[PDB]
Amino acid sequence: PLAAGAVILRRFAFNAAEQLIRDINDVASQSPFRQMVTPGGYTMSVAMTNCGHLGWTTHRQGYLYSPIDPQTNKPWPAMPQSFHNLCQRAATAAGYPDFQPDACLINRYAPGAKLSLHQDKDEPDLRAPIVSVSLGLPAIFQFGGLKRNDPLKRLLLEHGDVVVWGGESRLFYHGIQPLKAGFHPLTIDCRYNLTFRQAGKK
């Protein structure tokens, strides 16, 4: 496999994409996209929001999941039906039928935006996968291994592609390289990536 434990489902969300994007716009009308500030003081080039009971955010110079959007002081918007259903279909196809995400981080990449190499280790049970849905412009996803200096591999993620990051791949260092500018008929000029997470304690 390209990444042990990962299940790549190319175009899995292609048919759902128009509805997914409508729902991104609805979520963002309530909890707007914002460029968060990292613990080191840098404003991220990616802009994010969340839906579900919990949302991933900066708070007090750390990362955590919160039931309240610090920008609005209101709950994050509820998980849209289209999100819930797509995630469950993908996770079930990939062999995680009990995956029940309570958070969905919505990440908007403008041209030039990137995500530096990192791990997602803020979740309480790292045996639960993360389901990652790409929409719009294509991006190069890089990933290594469990160690920061493991050799990097790269793959293009295109509109509609879903990856279920389970098993070992759940813990790999990964990132997204600077987004090339272009046109997409449904997102116009950007990429969105949805990452579904089980963030609450059992």
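Numbering starts at 1 and runs along the sequence shown.
Legend entry - Segment of higher mean CA temperature factor, 52-60 or 152-160: Result: 52-60.
Legend entry - 81-89 versus 95-103 - greater average Cα B-factor per the deposited record: Higher mean C-alpha B-factor: 95-103.
Inset, instruction - Tell me which of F141, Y173, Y42, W165 tops the list for C-alpha B factor in the record. - result: Top of the list by C-alpha B-factor: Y42.
Legend entry - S132 - Cα temperature factor, lowest/middle/highest third of chain: It falls in the bottom third of the chain.
Inset, instruction - Grab the CA temperature factor for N15 from the record and place it in the lowest, middle or highest third of its chain. - result: It falls in the top third of the chain.
Inset, instruction - Name the third of the chain's ranked CA B-factors that contains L146, choosing lowest, middle or highest. - result: As the PDB entry reports it, the C-alpha B-factor of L146 lands in the highest third of its chain.
Inset, instruction - Grab the CA temperature factor for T38 from the record and place it in the lowest, middle or highest third of its chain. - result: For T38, whose C-alpha B-factor we compare with every modelled residue in the chain, the answer is the highest third.
Inset, instruction - Determine, from the deposited record, the chain-internal third of the Cα B-factor for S29: lowest, middle or highest. - result: According to the entry, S29 has a C-alpha B-factor in the chain's highest third.
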